[PDB]
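Take a look at this one chain, the form deposited in one PDB entry, written out in structure tokens.
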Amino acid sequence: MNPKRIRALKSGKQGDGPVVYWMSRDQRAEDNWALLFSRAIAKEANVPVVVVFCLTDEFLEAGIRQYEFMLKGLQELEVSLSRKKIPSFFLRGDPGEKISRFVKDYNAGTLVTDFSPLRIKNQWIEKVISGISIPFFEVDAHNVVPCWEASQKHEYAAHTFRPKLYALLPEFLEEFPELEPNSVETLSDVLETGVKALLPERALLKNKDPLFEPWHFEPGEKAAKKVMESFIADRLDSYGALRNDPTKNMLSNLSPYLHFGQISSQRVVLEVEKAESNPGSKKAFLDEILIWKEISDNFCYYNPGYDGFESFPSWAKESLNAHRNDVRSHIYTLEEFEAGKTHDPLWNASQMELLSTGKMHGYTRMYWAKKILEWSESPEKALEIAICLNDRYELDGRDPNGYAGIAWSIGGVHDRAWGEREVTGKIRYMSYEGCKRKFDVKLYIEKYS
């Protein structure tokens, strides 16, 4: 029950009513530090614990592909919490109004939320603390090491973040205690009206055939566990050598579950650590899910402008500024990028995989973002194009990994300077020819036509 995982957002008079767990980022019942800590206060105050989820008005900025995935998991989560005698209340509207009224109407004793370094979450918090007088607590249930404890400042590179995080692993990498059970309407109806409001925004092909294919990733806490088990048994050993090959589905495919909190990253690392495998494959995977995933939270926590040109490293800002007026080979607008109407078939295939499956391969994701910088009027124009496309079509989008990853590809955050080139300056450059020497670009293109 390590107290380093919890910050105090605002102190106040401890109410005599139930502890309310405001669930935003970690939509699961198993392996949830925020859920288990909320139960701890409930036992200490002789009072039950309840869970509240807010359905905000920002869902219309994304597609149905993310709406049903989240809502389907919440339907499963509702059953799980009822098995432990924990009621779950689902509210519609924005949290600033909804959380304040629910606390007043229920006389909540303590308010607990999970941690997210995103700008929108801080916006919701700022409205909440100005509407309640009960204590407000928040718990990092997303990172193995708490984000404010891994580092106290912005980390310039992964090689400076790795020694700090690994030094704290023996303390924070621990098992999850069991969620002991306890001593504003239906979920299906909200789904019904949600798609009806989103249906005009459906991504469609020429013949009005829906582009999205929902059979690639089943949502829910249960489906996440099988994916983790399938990756360890079947794909973990080849991960070290085939993670850069989009033609092979050797990735873990855990990101849609990780983003929604349907599976805990600590559970993944615990299971991978005791599994016996090729030694590189374990280290390569551990680097992504521990170093790179949790440095993405660090990037968003300590940079208020994580989605802006201002948060780029000084060398990258100077190089891109010096190459701002360089004539670009081609310029594409947002619609051409969206529908895949560029001269690059490799980029077009990556966009089609994104539009069809909702999860573009990690290696082609780097190629996809860097070509936006090459084919945009300004680095700022490419930054918003990349963010707009990523948050709209990726199942794992609107995530700290997304903004950190875009910043890495476009602004070279958590990277070093490379050879000076036109337009892109010293930013790491990936070429169509270089991709051909790494993997078979042909079979990747045919698969997504």
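Don't overthink the numbering: it's just position in the shown sequence, from 1. Only residues modelled in both forms are compared. Under this definition, the rigid core comprises the largest set of C-alpha atoms superposing within 1.5 Å between the forms.
(message) Unmodelled residues of the deposited sequence between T193 and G194: none, 1 to 3, 4 to 9, or 10 or more?
(response) Count of unmodelled residues in between: none.
(message) So, looking at the entry's B-factor column for Cα atoms, which has the higher mean, 259-267 or 200-208?
(response) Here the higher of the two C-alpha B-factor means belongs to 200-208.
(request) Look up the CA B-factors in the entry and say which stretch, 362-370 or 105-113, has the higher mean. (result) Of 362-370 and 105-113, the stretch with the higher C-alpha B-factor average is 105-113.
(message) If I read the C-alpha B-factors straight from the PDB entry, which of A167, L286, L251, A141 is highest?
(response) Highest C-alpha B-factor among the listed options: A167.
(message) If I read the C-alpha B-factors straight from the PDB entry, which of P146, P219, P177, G280 is highest?
(response) The listed residue with the largest C-alpha B-factor is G280.
(request) Please rank the C-alpha B-factors of the chain's modelled residues and tell me whether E44 sits in the lowest, middle or highest third. (result) Ranked within chain, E44 CA B lands in the highest tercile.
(request) Could you tell me which third, lowest, middle or highest, the C-alpha B-factor of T56 occupies within its chain? (result) For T56, the deposited C-alpha B-factor lands in the highest third.
(request) Taking the chain's C-alpha temperature factors as the reference, tell me which third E171 falls into: lowest, middle or highest. (result) As the PDB entry reports it, the C-alpha B-factor of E171 lands in the middle third of its chain.
(request) Classify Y393 as lowest, middle or highest third according to the C-alpha B-factor given in the PDB entry, relative to its own chain. (result) Within its chain, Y393 is a lowest-third residue by C-alpha B-factor, going by the deposited values.
(message) Based on the deposited C-alpha B factors for this chain, I'd like to know if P304 is in the lowest, middle or highest third.
(response) Lowest third - that is where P304 ends up once the chain's C-alpha B-factors are sorted.
The form deposited in another entry exists for this protein as well; it is not shown, and the discussion that follows is about that form.
(message) Can you tell me which of these residues, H216, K196, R119, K104, is the one whose C-alpha shifts by at least 2 angstroms between this form and the one not shown after a rigid core fit?
(response) Going through each option, the one that shifts is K196.
(message) For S314, does the CA position differ by 2 Å or more between this form and the one not shown when the superposition is done on the rigid core?
(response) For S314, whose C-alpha is compared between this form and the one not shown after core superposition, the shift is less than 2 Å.
(request) Taking the rigid core as the superposition reference, indicate whether the CA of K153 shifts 2 angstroms or more between this form and the one not shown. (result) No, the C-alpha position differs by under 2 Å between this form and the one not shown.
(request) Spell out whether the Cα of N325 moves at least 2 Å between this form and the one not shown when the two forms are superposed on their rigid core. (result) False for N325: its C-alpha shift is below 2 Å.
(message) Distance change of 3 Å or more between the C-alpha atoms of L205 and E353 in the other form: closer or farther compared with this structure?
(response) Compared with the form shown here, the C-alpha atoms of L205 and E353 sit farther apart in the other form, by 3 Å or more.
(message) Closer or farther: the C-alpha atoms of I387 and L191 in the other form, versus the form shown, with a change of 3 angstroms or more?
(response) Note: Cα gap between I387 and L191 widens in the other form.
(request) Fit the two forms on the core and write out the ranges of at least 3 consecutive residues whose every CA moves by 2 Å or more between this form and the one not shown. (result) Shifted runs of three or more residues, which all move 2 Å or more: 59-61, 184-210.
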